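Structure file upload29.pdb; described as PDB, C-alpha atoms.
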```pdb
ATOM      1  CA  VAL V  42       0.000   0.000   0.000
ATOM      2  CA  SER V  43       1.052   3.541  -1.025
ATOM      3  CA  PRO V  44       0.820   6.438   0.096
ATOM      4  CA  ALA V  45       2.734   5.676   3.290
ATOM      5  CA  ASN V  46       1.888   7.132   6.699
ATOM      6  CA  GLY V  47       1.779  10.897   7.160
ATOM      7  CA  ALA V  48       3.447  11.442   3.811
ATOM      8  CA  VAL V  49       2.946  15.005   2.610
ATOM      9  CA  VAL V  50       2.030  14.576  -1.065
ATOM     10  CA  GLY V  51       0.327  16.234  -4.033
ATOM     11  CA  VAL V  52      -3.076  16.172  -5.614
ATOM     12  CA  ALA V  53      -2.482  13.945  -8.639
ATOM     13  CA  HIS V  54      -0.871  11.315  -6.412
ATOM     14  CA  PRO V  55      -2.568   7.932  -6.842
ATOM     15  CA  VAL V  56      -3.678   5.623  -4.076
ATOM     16  CA  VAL V  57      -1.757   2.410  -4.745
ATOM     17  CA  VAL V  58      -2.477  -1.017  -3.284
ATOM     18  CA  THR V  59      -0.696  -4.331  -3.979
ATOM     19  CA  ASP V  66     -11.217 -11.282  -9.509
ATOM     20  CA  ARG V  67     -10.316  -7.576  -9.672
ATOM     21  CA  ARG V  68     -13.763  -6.367  -8.727
ATOM     22  CA  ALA V  69     -13.464  -8.313  -5.502
ATOM     23  CA  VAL V  70     -10.533  -6.478  -4.048
ATOM     24  CA  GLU V  71     -11.905  -3.276  -5.605
ATOM     25  CA  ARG V  72     -14.739  -3.516  -2.997
ATOM     26  CA  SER V  73     -12.544  -4.074   0.083
ATOM     27  CA  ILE V  74     -10.943  -0.769  -0.774
ATOM     28  CA  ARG V  75     -12.530   2.561   0.145
ATOM     29  CA  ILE V  76     -11.174   6.066   0.317
ATOM     30  CA  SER V  77     -12.544   8.267   3.086
ATOM     31  CA  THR V  78     -12.470  11.978   2.244
ATOM     32  CA  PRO V  79     -14.151  15.006   3.971
ATOM     33  CA  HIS V  80     -16.389  15.724   0.961
ATOM     34  CA  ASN V  81     -16.432  12.108  -0.150
ATOM     35  CA  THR V  82     -13.918  12.509  -2.989
ATOM     36  CA  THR V  83     -14.695  10.117  -5.828
ATOM     37  CA  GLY V  84     -12.387   8.431  -8.303
ATOM     38  CA  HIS V  85     -12.085   5.314 -10.406
ATOM     39  CA  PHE V  86      -9.872   2.249 -10.472
ATOM     40  CA  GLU V  87      -6.898   1.417 -12.659
ATOM     41  CA  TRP V  88      -5.116  -1.983 -12.946
ATOM     42  CA  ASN V  92      -1.347  -7.726  -9.062
ATOM     43  CA  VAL V  93      -1.625  -4.004  -8.456
ATOM     44  CA  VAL V  94      -4.592  -1.615  -8.707
ATOM     45  CA  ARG V  95      -4.597   2.113  -7.939
ATOM     46  CA  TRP V  96      -7.442   4.507  -7.043
ATOM     47  CA  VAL V  97      -7.031   8.034  -8.342
ATOM     48  CA  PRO V  98      -9.122  11.179  -7.529
ATOM     49  CA  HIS V  99     -10.942  12.436 -10.612
ATOM     50  CA  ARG V 100     -10.311  16.186 -10.510
ATOM     51  CA  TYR V 101      -7.066  16.059  -8.591
ATOM     52  CA  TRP V 102      -7.415  16.014  -4.791
ATOM     53  CA  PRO V 103      -8.708  18.870  -2.700
ATOM     54  CA  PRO V 104      -5.711  20.874  -1.359
ATOM     55  CA  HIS V 105      -4.661  20.505   2.296
ATOM     56  CA  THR V 106      -7.163  17.716   2.761
ATOM     57  CA  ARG V 107      -6.446  14.750   4.997
ATOM     58  CA  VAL V 108      -6.929  11.451   3.125
ATOM     59  CA  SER V 109      -7.778   8.096   4.721
ATOM     60  CA  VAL V 110      -7.443   4.744   3.002
ATOM     61  CA  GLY V 111      -9.030   1.628   4.431
ATOM     62  CA  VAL V 112      -8.066  -1.729   2.931
ATOM     63  CA  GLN V 113      -9.140  -4.858   4.821
ATOM     64  CA  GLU V 114      -8.199  -4.527   8.511
ATOM     65  CA  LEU V 115      -5.533  -2.009   7.683
ATOM     66  CA  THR V 116      -6.111   1.702   7.322
ATOM     67  CA  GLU V 117      -3.401   4.270   6.588
ATOM     68  CA  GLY V 118      -3.448   8.040   5.955
ATOM     69  CA  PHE V 119      -1.709  11.072   4.451
ATOM     70  CA  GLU V 120      -2.034  14.844   4.090
ATOM     71  CA  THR V 121      -1.966  16.973   0.943
ATOM     72  CA  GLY V 122       0.050  20.199   0.809
ATOM     73  CA  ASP V 123      -0.424  22.963  -1.749
ATOM     74  CA  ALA V 124      -1.815  22.295  -5.220
ATOM     75  CA  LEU V 125       1.130  22.782  -7.620
ATOM     76  CA  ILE V 126       0.408  22.150 -11.295
ATOM     77  CA  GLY V 127       2.897  22.169 -14.178
ATOM     78  CA  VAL V 128       1.674  21.909 -17.767
ATOM     79  CA  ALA V 129       3.719  20.880 -20.785
ATOM     80  CA  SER V 130       2.267  22.266 -24.016
ATOM     81  CA  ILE V 131       3.721  20.574 -27.129
ATOM     82  CA  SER V 132       2.462  23.283 -29.542
ATOM     83  CA  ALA V 133       3.943  26.210 -27.604
ATOM     84  CA  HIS V 134       7.039  24.429 -26.358
ATOM     85  CA  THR V 135       6.338  25.211 -22.735
ATOM     86  CA  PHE V 136       6.193  23.809 -19.212
ATOM     87  CA  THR V 137       3.945  26.111 -17.244
ATOM     88  CA  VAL V 138       3.971  25.923 -13.442
ATOM     89  CA  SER V 139       1.102  27.155 -11.262
ATOM     90  CA  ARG V 140       0.636  26.908  -7.479
ATOM     91  CA  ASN V 141      -2.981  27.207  -6.280
ATOM     92  CA  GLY V 142      -4.595  29.123  -9.126
ATOM     93  CA  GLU V 143      -1.829  31.538 -10.053
ATOM     94  CA  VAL V 144       0.899  30.573 -12.507
ATOM     95  CA  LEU V 145       4.224  31.251 -10.831
ATOM     96  CA  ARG V 146       6.642  30.618 -13.601
ATOM     97  CA  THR V 147       5.867  29.640 -17.193
ATOM     98  CA  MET V 148       9.088  28.105 -18.395
ATOM     99  CA  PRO V 149      10.078  27.137 -21.959
ATOM    100  CA  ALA V 150      10.560  23.357 -22.187
ATOM    101  CA  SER V 151      12.041  20.825 -24.570
ATOM    102  CA  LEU V 152       9.694  17.871 -24.475
ATOM    103  CA  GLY V 153      11.502  15.150 -26.364
ATOM    104  CA  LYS V 154      12.236  15.516 -30.038
ATOM    105  CA  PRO V 155      10.143  15.553 -33.306
ATOM    106  CA  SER V 156      10.542  11.793 -33.375
ATOM    107  CA  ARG V 157       9.580  10.889 -29.873
ATOM    108  CA  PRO V 158       7.999  13.968 -28.241
ATOM    109  CA  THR V 159       6.608  13.744 -24.677
ATOM    110  CA  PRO V 160       3.458  11.565 -24.496
ATOM    111  CA  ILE V 161       0.430  13.734 -23.794
ATOM    112  CA  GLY V 162      -1.369  12.772 -20.558
ATOM    113  CA  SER V 163      -1.922  13.202 -16.790
ATOM    114  CA  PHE V 164       0.692  12.473 -14.151
ATOM    115  CA  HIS V 165       2.257  13.198 -10.784
ATOM    116  CA  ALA V 166       5.808  13.969  -9.649
ATOM    117  CA  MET V 167       7.139  10.492  -8.764
ATOM    118  CA  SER V 168      10.611  11.139  -7.480
ATOM    119  CA  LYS V 169      13.216  13.785  -6.908
ATOM    120  CA  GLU V 170      16.812  12.982  -7.872
ATOM    121  CA  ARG V 171      19.453  15.703  -7.573
ATOM    122  CA  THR V 172      21.749  14.169 -10.228
ATOM    123  CA  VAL V 173      20.915  10.935 -12.082
ATOM    124  CA  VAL V 174      23.087   9.372 -14.793
ATOM    125  CA  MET V 175      21.167   8.173 -17.845
ATOM    126  CA  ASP V 176      22.693   5.361 -19.964
ATOM    127  CA  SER V 177      20.869   4.087 -23.068
ATOM    128  CA  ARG V 178      23.091   0.989 -23.176
ATOM    129  CA  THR V 179      21.218  -0.230 -20.101
ATOM    130  CA  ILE V 180      18.174  -1.165 -22.175
ATOM    131  CA  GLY V 181      19.758  -1.748 -25.578
ATOM    132  CA  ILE V 182      20.374   1.497 -27.476
ATOM    133  CA  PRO V 183      23.837   2.188 -28.920
ATOM    134  CA  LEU V 184      25.337   5.561 -28.125
ATOM    135  CA  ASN V 185      25.925   6.230 -31.826
ATOM    136  CA  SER V 186      22.188   5.901 -32.404
ATOM    137  CA  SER V 187      20.319   9.166 -32.911
ATOM    138  CA  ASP V 188      18.267   8.123 -29.882
ATOM    139  CA  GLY V 189      21.424   7.167 -28.004
ATOM    140  CA  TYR V 190      22.879   8.923 -24.987
ATOM    141  CA  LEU V 191      25.055   8.819 -21.907
ATOM    142  CA  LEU V 192      24.079  11.689 -19.596
ATOM    143  CA  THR V 193      24.111  12.861 -16.004
ATOM    144  CA  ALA V 194      20.818  14.674 -15.523
ATOM    145  CA  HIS V 195      20.524  17.406 -12.916
ATOM    146  CA  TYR V 196      17.445  18.227 -10.828
ATOM    147  CA  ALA V 197      15.547  15.217 -12.060
ATOM    148  CA  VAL V 198      11.884  14.937 -11.239
ATOM    149  CA  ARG V 199      10.454  11.656 -12.464
ATOM    150  CA  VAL V 200       7.205  11.855 -14.414
ATOM    151  CA  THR V 201       6.555   8.179 -15.225
ATOM    152  CA  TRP V 202       7.614   4.642 -14.309
ATOM    153  CA  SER V 203       8.390   4.368 -18.016
ATOM    154  CA  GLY V 204      11.369   6.686 -17.472
ATOM    155  CA  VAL V 205      10.055  10.139 -18.363
ATOM    156  CA  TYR V 206      11.744  12.886 -16.264
ATOM    157  CA  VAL V 207      11.606  16.601 -15.467
ATOM    158  CA  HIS V 208      15.226  17.822 -15.634
ATOM    159  CA  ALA V 220      17.343  20.801 -27.322
ATOM    160  CA  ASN V 221      17.288  17.375 -28.999
ATOM    161  CA  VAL V 222      16.181  15.328 -25.975
ATOM    162  CA  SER V 223      15.332  11.612 -26.094
ATOM    163  CA  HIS V 224      12.707   9.313 -24.509
ATOM    164  CA  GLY V 225      10.373  12.293 -24.671
ATOM    165  CA  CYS V 226      11.891  13.574 -21.484
ATOM    166  CA  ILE V 227      11.436  17.231 -20.542
ATOM    167  CA  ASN V 228      14.457  19.574 -20.618
ATOM    168  CA  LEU V 229      14.560  22.903 -18.728
ATOM    169  CA  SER V 230      17.274  25.519 -18.108
ATOM    170  CA  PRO V 231      19.554  24.943 -15.106
ATOM    171  CA  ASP V 232      18.057  27.997 -13.338
ATOM    172  CA  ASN V 233      14.483  26.890 -14.118
ATOM    173  CA  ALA V 234      14.999  23.207 -13.321
ATOM    174  CA  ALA V 235      16.373  24.171  -9.905
ATOM    175  CA  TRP V 236      13.281  26.017  -8.876
ATOM    176  CA  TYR V 237      10.842  23.308  -9.923
ATOM    177  CA  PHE V 238      12.966  20.852  -8.006
ATOM    178  CA  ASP V 239      12.986  22.946  -4.800
ATOM    179  CA  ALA V 240       9.283  23.854  -5.110
ATOM    180  CA  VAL V 241       8.073  20.303  -5.880
ATOM    181  CA  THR V 242       7.067  17.429  -3.590
ATOM    182  CA  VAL V 243       6.036  14.026  -4.866
ATOM    183  CA  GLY V 244       2.446  13.914  -6.040
ATOM    184  CA  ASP V 245       2.562  17.319  -7.593
ATOM    185  CA  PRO V 246       0.319  17.089 -10.745
ATOM    186  CA  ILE V 247       1.968  16.762 -14.179
ATOM    187  CA  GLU V 248       0.019  17.471 -17.362
ATOM    188  CA  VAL V 249       1.189  17.057 -20.941
ATOM    189  CA  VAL V 250      -1.198  18.566 -23.456
ATOM    190  CA  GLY V 251      -1.336  20.434 -26.725
TER     191      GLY V 251
END
```
What's the structure tokens form of this structure?
Amino acid sequence: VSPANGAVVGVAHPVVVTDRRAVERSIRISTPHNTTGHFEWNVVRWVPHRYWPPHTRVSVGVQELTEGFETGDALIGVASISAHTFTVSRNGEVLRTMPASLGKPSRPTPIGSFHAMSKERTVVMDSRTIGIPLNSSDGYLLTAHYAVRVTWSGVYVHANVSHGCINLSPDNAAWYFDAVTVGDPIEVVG
């Protein structure tokens, strides 16, 4: 079960618990205004449908075990593929709309709805680790700085960028990294 206890997270953060409709019924999310959601599939997650409510305490009851977490501010960053931007807002007001490189004209960032999964100060990225030569046009060996993970699939917040990853300036990527906590909503759109 994730979220873990007390964990201060964000409002696109899924509820994650490890006949599907059977265990789907032993799970219930208790929210102040009865926040709804749907299921997604082993391992199933429950996700709130219009983000969470900000600064709301969330309770999760699964079998005889019940664990809870609190949401901080609502920080949303949006990656527009037409405009070449990653816009960041915190509770209503955009703070900093930063120009972003979202992949490359071959494999641009996949449009969709996500959370900030992890924060890694520097992470080295080696394409040889899953089978891509470094002389390939989609080949690389790089040490990323201020890396905020977007997906399990390896998309990151951290130009002819690969994997569809998102590339910001060093000054811009520092701020998002300091301002962000896991769970912080991530939206790729047009």
(request) Take the point (-12.1, 2.7, -8.5) in the file's coordinates, draw a sphere of radius 10 Å around it, and report as a PyMOL selection string every protein, DNA or RNA residue with an atom inside or on it, counting all atoms listed in the file. (result) chain V and resi 56+68+71-72+74-76+83-88+94-98
(message) Could you tell me how far atom CA of residue 194 of chain V sits from atom CA of residue 145 of chain V, in Å to one decimal place?
(response) 23.9 Å
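This file, filtered with the PyMOL selection byres ((chain V and resi 134) around 8), gives the residues residues 129, 130, 131, 132, 133, 135, 136, 149, 150, 151 and 152 of chain V.
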(request) Quick one: pull the distance between atom CA of residue 123 of chain V and atom CA of residue 111 of chain V, Å, one decimal. (result) 23.8 Å
(request) Identify which of the residues V:229, V:144, V:201, V:175 lies closest to residue 54 of chain V, counting only C-alpha atoms when measuring atom-to-atom distances. (result) V:201
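Reported to one decimal place, the separation of atom CA of residue 46 of chain V from atom CA of residue 93 of chain V is 19.1 Å.
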Segment 160-171 of chain V environment, 7 Å, only C-alpha atoms, sequence neighbours closer than 6 positions dropped, as a JSON list (two decimals) with C-alpha atoms, in the coordinates of the input:
```json
[["chain", "number", "residue", "atom", "x", "y", "z"],
["V", 53, "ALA", "CA", -2.48, 13.94, -8.64],
["V", 54, "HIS", "CA", -0.87, 11.32, -6.41],
["V", 195, "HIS", "CA", 20.52, 17.41, -12.92],
["V", 196, "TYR", "CA", 17.44, 18.23, -10.83],
["V", 197, "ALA", "CA", 15.55, 15.22, -12.06],
["V", 198, "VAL", "CA", 11.88, 14.94, -11.24],
["V", 199, "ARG", "CA", 10.45, 11.66, -12.46],
["V", 200, "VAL", "CA", 7.20, 11.86, -14.41],
["V", 201, "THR", "CA", 6.56, 8.18, -15.22],
["V", 225, "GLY", "CA", 10.37, 12.29, -24.67],
["V", 243, "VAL", "CA", 6.04, 14.03, -4.87],
["V", 244, "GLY", "CA", 2.45, 13.91, -6.04],
["V", 245, "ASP", "CA", 2.56, 17.32, -7.59],
["V", 246, "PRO", "CA", 0.32, 17.09, -10.74],
["V", 247, "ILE", "CA", 1.97, 16.76, -14.18],
["V", 248, "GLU", "CA", 0.02, 17.47, -17.36],
["V", 249, "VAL", "CA", 1.19, 17.06, -20.94],
["V", 250, "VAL", "CA", -1.20, 18.57, -23.46]]
```
(message) Once the PyMOL selection byres ((chain V and resi 224) around 10) has been evaluated on this model, what residues remain selected, and can you format them as a list in words?
(response) residues 152, 153, 154, 156, 157, 158, 159, 160, 177, 188, 189, 203, 204, 205, 206, 222, 223, 225, 226 and 227 of chain V
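Proximity ranking of V:92, V:137, V:193, V:106 relative to residue 67 of chain V places V:92 first, based on all atoms listed in the file.
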(request) Tell me which of V:187, V:181, V:51, V:237 sits closest to residue 141 of chain V, counting all atoms listed in the file. (result) V:51
(message) Given all atoms listed in the file as the basis, pick out the residue of V:103, V:155, V:79, V:251 nearest to residue 128 of chain V.
(response) V:251
(request) Apply the PyMOL selection byres ((chain V and resi 176) around 8) to the file shown and report the selected residues as a PyMOL selection string. (result) chain V and resi 174-175+177-179+190-192
Extract segment 73-233 of chain V from the preceding block and save C-alpha atoms as an mmCIF file, in the first residue's frame.
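Saved the output as decode_15.cif:
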```
data_model
loop_
_atom_site.group_PDB
_atom_site.id
_atom_site.type_symbol
_atom_site.label_atom_id
_atom_site.label_comp_id
_atom_site.auth_asym_id
_atom_site.auth_seq_id
_atom_site.Cartn_x
_atom_site.Cartn_y
_atom_site.Cartn_z
ATOM 1 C CA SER V 73 -12.544 -4.074 0.083
ATOM 2 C CA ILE V 74 -10.943 -0.769 -0.774
ATOM 3 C CA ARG V 75 -12.530 2.561 0.145
ATOM 4 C CA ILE V 76 -11.174 6.066 0.317
ATOM 5 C CA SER V 77 -12.544 8.267 3.086
ATOM 6 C CA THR V 78 -12.470 11.978 2.244
ATOM 7 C CA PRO V 79 -14.151 15.006 3.971
ATOM 8 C CA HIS V 80 -16.389 15.724 0.961
ATOM 9 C CA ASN V 81 -16.432 12.108 -0.150
ATOM 10 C CA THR V 82 -13.918 12.509 -2.989
ATOM 11 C CA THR V 83 -14.695 10.117 -5.828
ATOM 12 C CA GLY V 84 -12.387 8.431 -8.303
ATOM 13 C CA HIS V 85 -12.085 5.314 -10.406
ATOM 14 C CA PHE V 86 -9.872 2.249 -10.472
ATOM 15 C CA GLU V 87 -6.898 1.417 -12.659
ATOM 16 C CA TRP V 88 -5.116 -1.983 -12.946
ATOM 17 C CA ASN V 92 -1.347 -7.726 -9.062
ATOM 18 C CA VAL V 93 -1.625 -4.004 -8.456
ATOM 19 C CA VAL V 94 -4.592 -1.615 -8.707
ATOM 20 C CA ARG V 95 -4.597 2.113 -7.939
ATOM 21 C CA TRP V 96 -7.442 4.507 -7.043
ATOM 22 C CA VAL V 97 -7.031 8.034 -8.342
ATOM 23 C CA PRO V 98 -9.122 11.179 -7.529
ATOM 24 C CA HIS V 99 -10.942 12.436 -10.612
ATOM 25 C CA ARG V 100 -10.311 16.186 -10.510
ATOM 26 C CA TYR V 101 -7.066 16.059 -8.591
ATOM 27 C CA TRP V 102 -7.415 16.014 -4.791
ATOM 28 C CA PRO V 103 -8.708 18.870 -2.700
ATOM 29 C CA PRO V 104 -5.711 20.874 -1.359
ATOM 30 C CA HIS V 105 -4.661 20.505 2.296
ATOM 31 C CA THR V 106 -7.163 17.716 2.761
ATOM 32 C CA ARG V 107 -6.446 14.750 4.997
ATOM 33 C CA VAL V 108 -6.929 11.451 3.125
ATOM 34 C CA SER V 109 -7.778 8.096 4.721
ATOM 35 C CA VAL V 110 -7.443 4.744 3.002
ATOM 36 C CA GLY V 111 -9.030 1.628 4.431
ATOM 37 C CA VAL V 112 -8.066 -1.729 2.931
ATOM 38 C CA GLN V 113 -9.140 -4.858 4.821
ATOM 39 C CA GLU V 114 -8.199 -4.527 8.511
ATOM 40 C CA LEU V 115 -5.533 -2.009 7.683
ATOM 41 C CA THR V 116 -6.111 1.702 7.322
ATOM 42 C CA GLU V 117 -3.401 4.270 6.588
ATOM 43 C CA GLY V 118 -3.448 8.040 5.955
ATOM 44 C CA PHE V 119 -1.709 11.072 4.451
ATOM 45 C CA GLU V 120 -2.034 14.844 4.090
ATOM 46 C CA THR V 121 -1.966 16.973 0.943
ATOM 47 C CA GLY V 122 0.050 20.199 0.809
ATOM 48 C CA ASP V 123 -0.424 22.963 -1.749
ATOM 49 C CA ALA V 124 -1.815 22.295 -5.220
ATOM 50 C CA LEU V 125 1.130 22.782 -7.620
ATOM 51 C CA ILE V 126 0.408 22.150 -11.295
ATOM 52 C CA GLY V 127 2.897 22.169 -14.178
ATOM 53 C CA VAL V 128 1.674 21.909 -17.767
ATOM 54 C CA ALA V 129 3.719 20.880 -20.785
ATOM 55 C CA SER V 130 2.267 22.266 -24.016
ATOM 56 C CA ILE V 131 3.721 20.574 -27.129
ATOM 57 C CA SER V 132 2.462 23.283 -29.542
ATOM 58 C CA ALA V 133 3.943 26.210 -27.604
ATOM 59 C CA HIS V 134 7.039 24.429 -26.358
ATOM 60 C CA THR V 135 6.338 25.211 -22.735
ATOM 61 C CA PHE V 136 6.193 23.809 -19.212
ATOM 62 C CA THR V 137 3.945 26.111 -17.244
ATOM 63 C CA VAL V 138 3.971 25.923 -13.442
ATOM 64 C CA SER V 139 1.102 27.155 -11.262
ATOM 65 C CA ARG V 140 0.636 26.908 -7.479
ATOM 66 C CA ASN V 141 -2.981 27.207 -6.280
ATOM 67 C CA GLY V 142 -4.595 29.123 -9.126
ATOM 68 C CA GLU V 143 -1.829 31.538 -10.053
ATOM 69 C CA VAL V 144 0.899 30.573 -12.507
ATOM 70 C CA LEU V 145 4.224 31.251 -10.831
ATOM 71 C CA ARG V 146 6.642 30.618 -13.601
ATOM 72 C CA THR V 147 5.867 29.640 -17.193
ATOM 73 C CA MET V 148 9.088 28.105 -18.395
ATOM 74 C CA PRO V 149 10.078 27.137 -21.959
ATOM 75 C CA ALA V 150 10.560 23.357 -22.187
ATOM 76 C CA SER V 151 12.041 20.825 -24.570
ATOM 77 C CA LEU V 152 9.694 17.871 -24.475
ATOM 78 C CA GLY V 153 11.502 15.150 -26.364
ATOM 79 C CA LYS V 154 12.236 15.516 -30.038
ATOM 80 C CA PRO V 155 10.143 15.553 -33.306
ATOM 81 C CA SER V 156 10.542 11.793 -33.375
ATOM 82 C CA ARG V 157 9.580 10.889 -29.873
ATOM 83 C CA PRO V 158 7.999 13.968 -28.241
ATOM 84 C CA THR V 159 6.608 13.744 -24.677
ATOM 85 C CA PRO V 160 3.458 11.565 -24.496
ATOM 86 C CA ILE V 161 0.430 13.734 -23.794
ATOM 87 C CA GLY V 162 -1.369 12.772 -20.558
ATOM 88 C CA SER V 163 -1.922 13.202 -16.790
ATOM 89 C CA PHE V 164 0.692 12.473 -14.151
ATOM 90 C CA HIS V 165 2.257 13.198 -10.784
ATOM 91 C CA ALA V 166 5.808 13.969 -9.649
ATOM 92 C CA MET V 167 7.139 10.492 -8.764
ATOM 93 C CA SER V 168 10.611 11.139 -7.480
ATOM 94 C CA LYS V 169 13.216 13.785 -6.908
ATOM 95 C CA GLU V 170 16.812 12.982 -7.872
ATOM 96 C CA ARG V 171 19.453 15.703 -7.573
ATOM 97 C CA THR V 172 21.749 14.169 -10.228
ATOM 98 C CA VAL V 173 20.915 10.935 -12.082
ATOM 99 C CA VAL V 174 23.087 9.372 -14.793
ATOM 100 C CA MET V 175 21.167 8.173 -17.845
ATOM 101 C CA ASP V 176 22.693 5.361 -19.964
ATOM 102 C CA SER V 177 20.869 4.087 -23.068
ATOM 103 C CA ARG V 178 23.091 0.989 -23.176
ATOM 104 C CA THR V 179 21.218 -0.230 -20.101
ATOM 105 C CA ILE V 180 18.174 -1.165 -22.175
ATOM 106 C CA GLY V 181 19.758 -1.748 -25.578
ATOM 107 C CA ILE V 182 20.374 1.497 -27.476
ATOM 108 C CA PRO V 183 23.837 2.188 -28.920
ATOM 109 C CA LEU V 184 25.337 5.561 -28.125
ATOM 110 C CA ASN V 185 25.925 6.230 -31.826
ATOM 111 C CA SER V 186 22.188 5.901 -32.404
ATOM 112 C CA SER V 187 20.319 9.166 -32.911
ATOM 113 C CA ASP V 188 18.267 8.123 -29.882
ATOM 114 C CA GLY V 189 21.424 7.167 -28.004
ATOM 115 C CA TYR V 190 22.879 8.923 -24.987
ATOM 116 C CA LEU V 191 25.055 8.819 -21.907
ATOM 117 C CA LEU V 192 24.079 11.689 -19.596
ATOM 118 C CA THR V 193 24.111 12.861 -16.004
ATOM 119 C CA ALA V 194 20.818 14.674 -15.523
ATOM 120 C CA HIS V 195 20.524 17.406 -12.916
ATOM 121 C CA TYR V 196 17.445 18.227 -10.828
ATOM 122 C CA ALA V 197 15.547 15.217 -12.060
ATOM 123 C CA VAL V 198 11.884 14.937 -11.239
ATOM 124 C CA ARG V 199 10.454 11.656 -12.464
ATOM 125 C CA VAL V 200 7.205 11.855 -14.414
ATOM 126 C CA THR V 201 6.555 8.179 -15.225
ATOM 127 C CA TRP V 202 7.614 4.642 -14.309
ATOM 128 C CA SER V 203 8.390 4.368 -18.016
ATOM 129 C CA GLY V 204 11.369 6.686 -17.472
ATOM 130 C CA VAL V 205 10.055 10.139 -18.363
ATOM 131 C CA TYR V 206 11.744 12.886 -16.264
ATOM 132 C CA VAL V 207 11.606 16.601 -15.467
ATOM 133 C CA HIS V 208 15.226 17.822 -15.634
ATOM 134 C CA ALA V 220 17.343 20.801 -27.322
ATOM 135 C CA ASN V 221 17.288 17.375 -28.999
ATOM 136 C CA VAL V 222 16.181 15.328 -25.975
ATOM 137 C CA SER V 223 15.332 11.612 -26.094
ATOM 138 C CA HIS V 224 12.707 9.313 -24.509
ATOM 139 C CA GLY V 225 10.373 12.293 -24.671
ATOM 140 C CA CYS V 226 11.891 13.574 -21.484
ATOM 141 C CA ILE V 227 11.436 17.231 -20.542
ATOM 142 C CA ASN V 228 14.457 19.574 -20.618
ATOM 143 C CA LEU V 229 14.560 22.903 -18.728
ATOM 144 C CA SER V 230 17.274 25.519 -18.108
ATOM 145 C CA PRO V 231 19.554 24.943 -15.106
ATOM 146 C CA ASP V 232 18.057 27.997 -13.338
ATOM 147 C CA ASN V 233 14.483 26.890 -14.118
#
```
